[PDB]
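>
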Amino acid sequence: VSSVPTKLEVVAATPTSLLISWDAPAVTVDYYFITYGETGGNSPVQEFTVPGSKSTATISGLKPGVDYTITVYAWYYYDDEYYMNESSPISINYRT
Amino acid sequence: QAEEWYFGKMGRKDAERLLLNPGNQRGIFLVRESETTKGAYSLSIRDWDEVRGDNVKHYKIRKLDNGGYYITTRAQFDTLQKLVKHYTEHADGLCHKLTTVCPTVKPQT
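Protein sequence lines, in the order shown, are assigned to chains B and A.
Counting from 1, one number per residue, gives the positions in the first sequence under PDB author numbering.
Counting from 125, one number per residue, gives the positions in the second sequence under PDB author numbering.
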């Protein structure tokens, strides 16, 4: 059964903010881990989470005209032994 | 290793009860032996959420056949100390970055 989210995309974009969206996997997700950062940049990526009930997220404070790499991971319960697992990622790029 | 964050043999619910003490902020943590996978560890972290309030999350630290330790296979570490340092620098998927070790009651002085 799928744990990787699918079809990640930007669905709204201003010069400094993006709304990303994806299709949840079939497993119940505890929360999503989302990173974004300048592609090939030499600073650390930004990181945040959204609740596992969601399948979108708002990214704010971007610099106009910068290519960003945006990645989403699902963190989810499997069984009592594997109680907290990270899915494979899905990633997109977007230039503001 | 017998480091400050290492609590040795400790059960999941007992780790939760200790971390959920009033006064512990998010990111307070401990490392213990796993009771469900032999040879693995568990990183137990005090967290907070809008719906469930104060809570505790557990992350299994597994061992690589030849390599070191990992919670997620993309981030691997030669030692537990290096793992803890990494997740003190950035949460990198954890519910919260690690701050300081869970306190315990000490003898009166």
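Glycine included, each C-beta is placed from N, C-alpha and C at the ideal position.
1) List the residues that DSSP assigns as beta-bridge partners of A:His182.
2) Might you give, ordered along the chain, the residues of its own chain that have their beta carbon closer than 7 Å to the beta carbon of A:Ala164, omitting 5 neighbours on each side?
3) What did DSSP end up calling A:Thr161 once you bin it into helix, strand or coil?
4) Considering only residues of the same chain and omitting the five flanking positions on each side of A:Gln200, which have a CB-CB separation below 8 Å?
5) Where does A:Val208 fall in DSSP's three states?
6) Listed in chain order, which residues of the segment 171 to 204 of chain A have Cβ atoms closer than 9 Å to some Cβ of chain B?
7) Is B:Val10 near B:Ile20, with beta carbons less than 8 Å apart?
8) What residues of chain B sit near A:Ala215, judged by a beta carbon separation below 7 Å?
9) I'd like to know if A:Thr224 contacts chain B, where contact means its C-beta is closer than 8 Å to some C-beta of that chain.
10) Using a beta-carbon distance cut-off of less than 7 Å, what residues from the segment 140 to 173 of chain A approach chain B?
11) Examine chain A for any beta-carbon lying closer than 8 Å to the beta-carbon of B:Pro64, and answer yes or no.
12) Measuring alpha carbon to alpha carbon, tell me which of A:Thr203, A:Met134, A:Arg170 ends up nearest A:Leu144.
13) Determine the direct distance from the alpha carbon of A:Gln232 to that of B:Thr71, and round the result to whole angstroms.
14) Which same chain residues, not among the five before or five after B:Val50, have their C-beta less than 6 Å away from its C-beta?
15) By the criterion of Cβ-Cβ separation under 7 Å, what are the contact partners of B:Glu86 in chain A?
16) Quick check: the Cα distance between A:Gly147 and A:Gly132, rounded to an integer number of angstroms?
17) Quick one: which chain A residues come within Cβ less than 8 Å of B:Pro5?
Taking the coordinates as given:
1) To locate residue 182 of chain A, count along the second sequence from 1; it is residue 58. According to DSSP, A:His182 bridges with A:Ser168.
2) Here residue 164 of chain A refers to the residue found at position 40 when the second sequence is read from its first residue. Cβ neighbours of A:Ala164 beyond the five flanking positions: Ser158, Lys184, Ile185, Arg186, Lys187.
3) Here residue 161 of chain A refers to the residue found at position 37 of the second sequence. Shown here, A:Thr161 sits in coil according to DSSP, grouped into three states, outside any helix or strand.
4) If you number the second sequence from 1, residue 200 of chain A lands on position 76. The beta carbon of A:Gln200 lies closer than 8 Å to those of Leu188, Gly191, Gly192, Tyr193, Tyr194 in the same chain, with the five residues before and after it left out.
5) Stepping through the second sequence from its first residue, residue 208 of chain A is reached at position 84. A:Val208: helix per DSSP, three-state reduction.
6) Residues passing the 9 Å Cβ filter: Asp173, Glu174, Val175, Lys181, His182, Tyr183, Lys184, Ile195, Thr196, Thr197, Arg198.
7) Here residue 10 of chain B corresponds to residue number 10 of the first sequence, with the count starting at 1. Here residue 20 of chain B corresponds to residue number 20 of the first sequence, with the count starting at 1. A contact, by the Cβ cut-off of 8 Å.
8) Position 91 of the second sequence, counted from the first residue, corresponds to residue 215 of chain A. Simply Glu47.
9) Taking the first residue of the second sequence as 1, we reach residue 224 of chain A at position 100. False, the Cβ-Cβ gap to chain B never drops below 8 Å.
10) Those would be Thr160, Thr161, in chain order.
11) Within the first sequence, residue 64 of chain B is the residue found at index 64, counting from 1. Not a single C-beta of chain A is nearer than 8 Å to the C-beta of B:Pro64.
12) Residue mapping note: residue 144 of chain A aligns to position 20 of the second sequence, counting from 1. When each option's Cα is compared against that of A:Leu144, the closest is A:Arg170.
13) Position 71 of the first sequence, counting from 1, holds the residue named residue 71 of chain B. Position 108 of the second sequence, counting from 1, holds the residue named residue 232 of chain A. Cα to Cα, B:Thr71 sits roughly 50 Å from A:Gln232.
14) Here residue 50 of chain B is taken as the residue at index 50 of the first sequence, counted from 1. Excluding positions up to five away in sequence, the list reads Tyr32, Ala57.
15) The count along the first sequence starts at 1 and reaches residue 86 of chain B at position 86. Listed along chain A, the residues sitting closer than 7 Å to B:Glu86 by beta-carbon distance are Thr196, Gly217.
16) By 1-based counting over the second sequence, the position of residue 147 of chain A is 23. By 1-based counting over the second sequence, the position of residue 132 of chain A is 8. Rounded to whole angstroms, the separation of the alpha carbons of A:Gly132 and A:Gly147 is 23 Å.
17) The sequence position of residue 5 of chain B within the first sequence is 5, counting from 1. Here the premise fails: no neighbours, minimum Cβ distance about 14 Å.
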